[PDB]
Amino acid sequence: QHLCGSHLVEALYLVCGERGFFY
Amino acid sequence: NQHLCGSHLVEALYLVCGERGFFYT
Amino acid sequence: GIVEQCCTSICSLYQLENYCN
Amino acid sequence: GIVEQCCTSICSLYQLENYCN
Amino acid sequence: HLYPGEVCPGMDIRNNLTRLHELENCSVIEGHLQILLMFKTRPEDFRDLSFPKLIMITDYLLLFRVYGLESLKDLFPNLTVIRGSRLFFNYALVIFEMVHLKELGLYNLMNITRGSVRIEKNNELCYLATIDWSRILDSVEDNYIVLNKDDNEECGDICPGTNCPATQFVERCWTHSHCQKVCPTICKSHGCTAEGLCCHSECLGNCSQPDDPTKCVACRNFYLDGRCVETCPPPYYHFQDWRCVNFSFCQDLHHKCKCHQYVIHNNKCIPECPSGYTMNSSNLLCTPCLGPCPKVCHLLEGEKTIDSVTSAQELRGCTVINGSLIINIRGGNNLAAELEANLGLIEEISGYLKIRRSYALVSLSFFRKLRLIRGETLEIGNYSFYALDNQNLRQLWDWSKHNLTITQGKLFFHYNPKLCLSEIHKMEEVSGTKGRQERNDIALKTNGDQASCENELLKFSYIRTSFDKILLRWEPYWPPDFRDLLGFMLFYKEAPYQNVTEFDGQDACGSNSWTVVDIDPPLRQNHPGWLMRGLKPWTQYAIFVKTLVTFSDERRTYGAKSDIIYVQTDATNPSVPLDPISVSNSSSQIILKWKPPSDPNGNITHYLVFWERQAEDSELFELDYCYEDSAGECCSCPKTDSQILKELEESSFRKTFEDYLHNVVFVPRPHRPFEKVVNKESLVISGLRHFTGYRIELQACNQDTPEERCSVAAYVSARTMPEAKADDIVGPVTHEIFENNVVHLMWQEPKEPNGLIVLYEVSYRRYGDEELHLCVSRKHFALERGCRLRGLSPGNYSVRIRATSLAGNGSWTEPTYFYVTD
Amino acid sequence: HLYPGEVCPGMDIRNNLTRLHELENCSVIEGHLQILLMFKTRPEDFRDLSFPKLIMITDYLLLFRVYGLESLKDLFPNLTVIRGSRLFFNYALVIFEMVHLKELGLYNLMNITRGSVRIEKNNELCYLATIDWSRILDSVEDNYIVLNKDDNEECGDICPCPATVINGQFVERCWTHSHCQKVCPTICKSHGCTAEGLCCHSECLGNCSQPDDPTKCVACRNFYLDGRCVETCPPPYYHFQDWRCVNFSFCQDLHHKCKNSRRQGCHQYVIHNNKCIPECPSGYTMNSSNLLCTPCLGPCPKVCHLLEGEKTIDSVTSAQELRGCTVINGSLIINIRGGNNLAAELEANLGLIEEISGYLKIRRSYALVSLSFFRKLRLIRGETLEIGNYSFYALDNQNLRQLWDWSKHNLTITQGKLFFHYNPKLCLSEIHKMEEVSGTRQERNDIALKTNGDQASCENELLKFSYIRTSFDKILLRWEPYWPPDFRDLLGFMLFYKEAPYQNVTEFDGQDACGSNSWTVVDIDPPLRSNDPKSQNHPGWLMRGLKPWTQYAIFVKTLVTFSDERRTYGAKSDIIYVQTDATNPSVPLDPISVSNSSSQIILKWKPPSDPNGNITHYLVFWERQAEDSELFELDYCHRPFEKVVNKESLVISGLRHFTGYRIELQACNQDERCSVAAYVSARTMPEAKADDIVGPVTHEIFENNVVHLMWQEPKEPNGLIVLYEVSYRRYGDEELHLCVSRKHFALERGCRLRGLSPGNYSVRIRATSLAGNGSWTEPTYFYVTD
């Protein structure tokens, strides 16, 4: 299983949730 | 800080010498 | 883009911090 | 052998000053 | 008989032909007796002789790889009673791996009180199916005679007669020159002489004179001065459940051998002492003892062997060891647990201690009470300690709880690759063997190599659980060298258990239950961590990290080992009720049934469901027709070890290069109907109409107190059964008969609607004429108030009426007669 | 021309870089050259540099800690070849920690005589896929491009050239953006070629200026003499490192310069092989009265004292300084990180020496599989011994599993023990042979025999199947026994069998691997006696459970305990490729039957589960069926067969409409071993034009009002005509119907009306066929008389 779309955005917000992220 | 070796050794030595040329004879 | 490395491959935590702000 | 003395134990300044003259 | 010889202590027969004529002058054996591993002796070396000088042994017997033995009458041709107080294998008789033997020597042994018979692991042994186990002892459904080659009756056996008493197998026998004593099965263990009956009646094994209790070598009830009374009367006490003996005699018995000693307890003069009682030699009575106390235990001849995984030798409570010990347990693949199974209840070893094939344990925490070694008895090679095959041992014992000391003994540290030499020197200083100048054989060319004892723990700097992922970060760690770091190794698996192991699930390439992830070294900072990539909601998981670092040629490890954490994922919206089915049960009531969702997401509080009524369009009415270590395969198996070897060589290659350069470069100075179903798979509704469709929403919920979270909706459209009888013609069928062939008909609409009505079947007929059918459409009926007959024939006609709808089909109402005239 | 500039000895730069000014005068840099540790630059000192000189180099080049270097044309744009005489840690060049390289400037590098290539810590580089290293390197040993990001095409490698494909790349070739990668014939890369690609003379190397001309080359392949790359140099002009001609004047002068110390670490230049060189090879004595090399008078052992009695070798840079010696005055240590098969280049470097005055230790062997480099060592005097009084040491031996021969090469250890530990690839055979020869004998001195011979075979004997018998689910095998001198030591056998599609199977003996290379092993019990000379002792085993029509690789090893014999290690059998017998080629799967029309049925199927062997035809049985078409009461008021060769479909024609079908499918591998029939049923649609009412309808009008009708059923019915829809009707009311049943039609040959009221009646009928459908026949009129 890969991390794209919902997966990707959730992982992004997790690793970077205190300074933002971008898709 | 870790052991002064590899690039860390060179960076730590450049703080001491390296402005008047490295010693070699 | 990011689909090349994450939707089609394995993206670890360190190569996940290059798309943050 | 500077790497054999400074990657084994933290070299002081004398041991670093040594290889500048 | 009558015990005509002297009482001797325990003994053994091993590797010589001179020791095969020892038991000939001993009549009572007190101690162990074994015959094992005779490879120096040859077949014809052995001699054959019969002597009636043995009647009892008071311990287990063990035969093991006896090469060159042709009969068992050479050393036991008169043994009648066998029982022991100290067990080994928990059995009383242990024939383990004997070969080159073709006949036994125990045609007198039929009394077995303590212990069972273990006939297993015996190759090239005949006469194992010419023995009545129901005669020697209790029936065969209580004895494991399996795992042999006589389960199929191999070998031919000749028993005299085919003297031998009435009974491969022909008759029962033990030796070619001696016949088995056989009597009815009901005797069981009472023994017998050859009379085809139990010896006396209630003897045990054998008796000198049949029909006399006085001569029973042993009986079934304690024997007292010529009797076999049920219990012993004072001052006598029980003795191995075959004798009555008083205090002065209970003492003089053991005093005569001065062996085994007996002490009065529980009205039982047997050779035992309750838990934690040491002896006092004035009478050799059991006396109270505090702290560690080895109580009774047999250690005669300055040594004892352990060749079983369970025995009554080290579980009695004998902590202090006054003898020697050698471990030769056959089978298995881990002597760690094998050793533990024998010395599990002993925490202080004052004897010869050693360990082999160390596995499943990295530190010893079962020898935390040992603090002294006597060494009064000399050990093999004067060495009290040995080390070998320790390849999973990572730590020795602490020095504030162990406090060991050695007053006699020597150290031998060989083949300890995983252990570090610091613990070795600690052994040398705490034990104090080098402190006494005693000679020690040390081998460090094989020790302190490929070892690691650095176990530093790391901690998770930050954690963030989600309902399908878990984020984890751990404090940045750097080994003594910044360059020496190859990443981290996070190891995890699902685990709701509060007890899980890491060895099963890895160390293989075909299956992997313990998934492993790797992480790039941290910035030189940055916290190194890990983030899950999807997991089942509402699940508990075990996770931990281990630091991977470059190893030197010296094979030294600066690794770090974080501990395991139990992180539980959270819940999510429920899944849909599996297999939803809505089927009618009556015309006014329909029902709904389903199965619990695929993914419950914790406790369920109710089921969200709705329903509404679907009607029928009017157009339908107006229409007429007129390898593997765990289950499954892996998805994350690891890279080949050769690959690792090579990447490691390249790493160290670039390293050596860097150092070579550093050296050469630097030089120093010079609303809608709804329902709630709380934890139930059924649904019932009522107050519906015959043949009417209904649609029903369906979901599943798991929490409703702070929010409404429920599975996605589902729908089914079903219609209650139709009422066929509800289409019968009712209402006065009025006739308007005329003389001009005109008859105005009037029948009324069926009782119930029954959905769409296709037409009305008017069957006006005559008897002797052709039948005339009429299709009364909706328009025709609604406009004609029934029907009218334009043109007719004379005679009394009859018109059966049946309205047609599609709710099943109606019945032809009474034929309504109208006499047409013209 | 060829060498217009001056000659400059090697130099090192760890000071300001103005020194590079020297590259404006001298077109070559003799020996090594190193630029490193430049921590005081920025990009204002590397955008004003270009040198027209530097055409040849002989040794390695060092690039380290260079700030502001954006291209490789800021040092030299015209270099063309490096002789690579010496290699800096086996690499002819190293680029370490470059923080500013973004592209490649040089455009004339066409050939590297010797060395490897290591690239690392350049994560902002470009143009590394258009250099055609194959055409640039003729000494390809190992390419090392790691720790970079250009591997991910940071720039794409697009540039404005031939643009060939020899690397599986398609981006246009170029050195920088415009400068193009020079492509020449493969035979013109050892003979040089011009900048256009024109081949050059055989006496030249790399690039040229004019084709087939030594007069205007770049790198003289053989030698340089008076402006021409001639084949050879007349002896007066002695050969010099095979790249030029040197007059005796120069040689004698250098000789005299060294002879008087005003020079340090010098060697008086003499001429050997008619080639000036600072020293004569081993076997030659120094002529200081002639300045020459002369044969040795009497024996001339060259005891060259090593650095403090020790010399470790981990690079070729350390092995190329042991020439002109016969005794290693000191100890030696060897270690190999990475690489493989490098011993090939050490035999000559180590075949001069015959004596060693110190220990010899080996760790982490990674390029030595067998010892063949020394063939002269016969005496280890050991003037410098190991700690522990050893004369030999081995450690972490993974690739090494062999030693020299011991019937042509012998050795006697005069002192020191034999350290043989943690070497599981080294057969005990060699260990014992040398323990007996070298002496201090039998049994490990300190040797960990427990860790020797564990990951490699050491078995000196073999086994061979004495009998074989194959079945389709069993394989009976019997091989010859193997017995140690001890008869209780035989621990049975280990049958190693695996599946083989094609022979790509080799014997496993302890190699490092995990996964799908493991063999299926089964234990053969050990003898339960000491052997009987009254019968045979041959071992065997009957495999059973084998898959039909499959081939398997099978061999068997022996499990023996070490005995007094020193050749007892077991016995290995050969890999037999045993194919199993065929059975029926599997029951046929997925029978498919679908009609394509009303007259054409199509039958198709998927291949069988397992066609053991080879299918030569698909036998298919076939038969016709009939759809049910009969009923009377109802209220109204051997068999054909066909084969196909390697086909999965079968078309059948000549079948009419409204007919069922029976299908049987078998698969035969032989012309009978044939699979069992498959059962599938199918039907073909009916015709809607075959059930139309045929013929007239007679309006028999009598004076009794009895219109006895006459009609007939269709020419080809489908199903059955369950009824007749005679829909006539007296005008003035809706259509009237009559239930003309089967019996009525059969009796009245249609229908017989009775009691019909006067009036013109129109009658149209449709055949009520259970299958198919008819049509509303002619609605003819008949006026029933009053």
# chains A, B, ... in the order shown; residues from 1 in each chain; ligands from 1

$ residues_around --residues "residue 20 in chain D" --least-positions-apart "6" --cutoff "7 Å" --atoms "only C-alpha atoms" --output "list in words"
residues 17, 22 and 23 of chain B

$ write_last_selection --atoms "N, CA and C atoms" --output "PDB file, in the first residue's frame"
ATOM      1  N   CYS B  17      43.564  26.144  12.538  1.00  0.00           N
ATOM      2  CA  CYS B  17      44.508  26.461  11.487  1.00  0.00           C
ATOM      3  C   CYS B  17      43.855  26.217  10.135  1.00  0.00           C
ATOM      4  N   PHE B  22      47.779  25.125   5.336  1.00  0.00           N
ATOM      5  CA  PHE B  22      47.959  23.878   6.065  1.00  0.00           C
ATOM      6  C   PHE B  22      49.424  23.462   6.078  1.00  0.00           C
ATOM      7  N   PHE B  23      49.874  22.963   7.225  1.00  0.00           N
ATOM      8  CA  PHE B  23      51.262  22.548   7.364  1.00  0.00           C
ATOM      9  C   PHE B  23      51.568  21.286   6.573  1.00  0.00           C
TER      10      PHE B  23
END

$ select_by_dssp --residues "range 715-785 of chain F" --states "helix (DSSP H, G or I)" --output "VMD selection string"
chain F and resid 742 to 748

$ interface_residues --of "chain E" --to "chain F" --cutoff "7 Å" --atoms "only C-alpha atoms" --output "ChimeraX atom specification"
/E:509-510,640-642,646,649-650,652-653,657,769-774,790,793

$ write_last_selection --atoms "N, CA, C and O atoms" --output "JSON list (two decimals), in the first residue's frame"
[["chain", "number", "residue", "atom", "x", "y", "z"],
["E", 509, "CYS", "N", 13.54, -15.38, 5.67],
["E", 509, "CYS", "CA", 13.25, -14.64, 4.45],
["E", 509, "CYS", "C", 12.00, -15.12, 3.73],
["E", 509, "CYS", "O", 11.74, -14.67, 2.61],
["E", 510, "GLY", "N", 11.21, -16.00, 4.33],
["E", 510, "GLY", "CA", 10.01, -16.43, 3.64],
["E", 510, "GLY", "C", 8.75, -15.92, 4.32],
["E", 510, "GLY", "O", 7.71, -15.79, 3.67],
["E", 640, "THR", "N", 19.18, -9.95, 1.72],
["E", 640, "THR", "CA", 20.09, -11.07, 1.95],
["E", 640, "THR", "C", 21.31, -10.62, 2.74],
["E", 640, "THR", "O", 21.80, -9.49, 2.60],
["E", 641, "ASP", "N", 21.81, -11.52, 3.59],
["E", 641, "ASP", "CA", 22.96, -11.20, 4.43],
["E", 641, "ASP", "C", 24.22, -10.94, 3.61],
["E", 641, "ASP", "O", 25.09, -10.19, 4.05],
["E", 642, "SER", "N", 24.34, -11.54, 2.42],
["E", 642, "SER", "CA", 25.52, -11.25, 1.61],
["E", 642, "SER", "C", 25.50, -9.80, 1.16],
["E", 642, "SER", "O", 26.54, -9.13, 1.12],
["E", 646, "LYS", "N", 28.35, -6.95, 1.87],
["E", 646, "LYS", "CA", 28.98, -6.11, 0.86],
["E", 646, "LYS", "C", 28.77, -4.63, 1.12],
["E", 646, "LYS", "O", 29.71, -3.84, 1.00],
["E", 649, "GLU", "N", 31.17, -3.77, 3.68],
["E", 649, "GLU", "CA", 32.53, -3.68, 3.18],
["E", 649, "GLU", "C", 32.74, -2.36, 2.44],
["E", 649, "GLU", "O", 33.79, -1.75, 2.57],
["E", 650, "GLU", "N", 31.74, -1.91, 1.69],
["E", 650, "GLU", "CA", 31.88, -0.64, 0.98],
["E", 650, "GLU", "C", 31.91, 0.53, 1.96],
["E", 650, "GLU", "O", 32.67, 1.48, 1.77],
["E", 652, "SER", "N", 32.93, 0.51, 5.23],
["E", 652, "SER", "CA", 34.26, 0.48, 5.82],
["E", 652, "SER", "C", 35.34, 0.78, 4.79],
["E", 652, "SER", "O", 36.42, 1.23, 5.16],
["E", 653, "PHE", "N", 35.06, 0.55, 3.51],
["E", 653, "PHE", "CA", 36.01, 0.83, 2.45],
["E", 653, "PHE", "C", 36.23, 2.33, 2.36],
["E", 653, "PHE", "O", 37.36, 2.83, 2.45],
["E", 657, "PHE", "N", 39.43, 4.66, 3.47],
["E", 657, "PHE", "CA", 39.93, 5.65, 2.53],
["E", 657, "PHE", "C", 40.06, 7.01, 3.21],
["E", 657, "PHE", "O", 41.10, 7.66, 3.14],
["E", 769, "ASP", "N", -73.58, -23.74, -26.86],
["E", 769, "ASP", "CA", -73.00, -22.69, -27.68],
["E", 769, "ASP", "C", -71.54, -22.46, -27.31],
["E", 769, "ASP", "O", -71.04, -22.95, -26.30],
["E", 770, "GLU", "N", -70.86, -21.67, -28.15],
["E", 770, "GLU", "CA", -69.47, -21.32, -27.93],
["E", 770, "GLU", "C", -69.39, -20.29, -26.81],
["E", 770, "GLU", "O", -70.32, -19.50, -26.60],
["E", 771, "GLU", "N", -68.28, -20.31, -26.07],
["E", 771, "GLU", "CA", -68.12, -19.39, -24.95],
["E", 771, "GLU", "C", -67.61, -18.05, -25.44],
["E", 771, "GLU", "O", -66.71, -17.98, -26.28],
["E", 772, "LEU", "N", -68.20, -16.98, -24.91],
["E", 772, "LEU", "CA", -67.86, -15.61, -25.28],
["E", 772, "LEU", "C", -67.26, -14.85, -24.10],
["E", 772, "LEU", "O", -67.94, -14.58, -23.09],
["E", 773, "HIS", "N", -65.98, -14.51, -24.23],
["E", 773, "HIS", "CA", -65.21, -13.77, -23.24],
["E", 773, "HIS", "C", -65.17, -12.29, -23.59],
["E", 773, "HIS", "O", -65.17, -11.91, -24.77],
["E", 774, "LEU", "N", -65.14, -11.45, -22.56],
["E", 774, "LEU", "CA", -65.11, -10.00, -22.67],
["E", 774, "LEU", "C", -64.04, -9.44, -21.75],
["E", 774, "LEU", "O", -63.97, -9.81, -20.57],
["E", 790, "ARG", "N", -74.15, -5.85, -26.23],
["E", 790, "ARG", "CA", -74.66, -5.35, -27.50],
["E", 790, "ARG", "C", -74.79, -6.54, -28.45],
["E", 790, "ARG", "O", -73.80, -6.98, -29.05],
["E", 793, "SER", "N", -77.85, -13.89, -28.03],
["E", 793, "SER", "CA", -78.47, -15.12, -28.48],
["E", 793, "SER", "C", -79.51, -15.56, -27.45],
["E", 793, "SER", "O", -79.38, -15.24, -26.26]]

$ interface_residues --of "chain E" --to "chain B" --cutoff "9 Å" --atoms "only C-alpha atoms" --output "list in words"
residues 478, 479, 480, 481, 482, 483, 655, 658, 659, 662, 665, 666, 667, 668, 669 and 670 of chain E

$ calpha_fit_rmsd --fixed "chain C" --moving "chain D"
1.2 Å
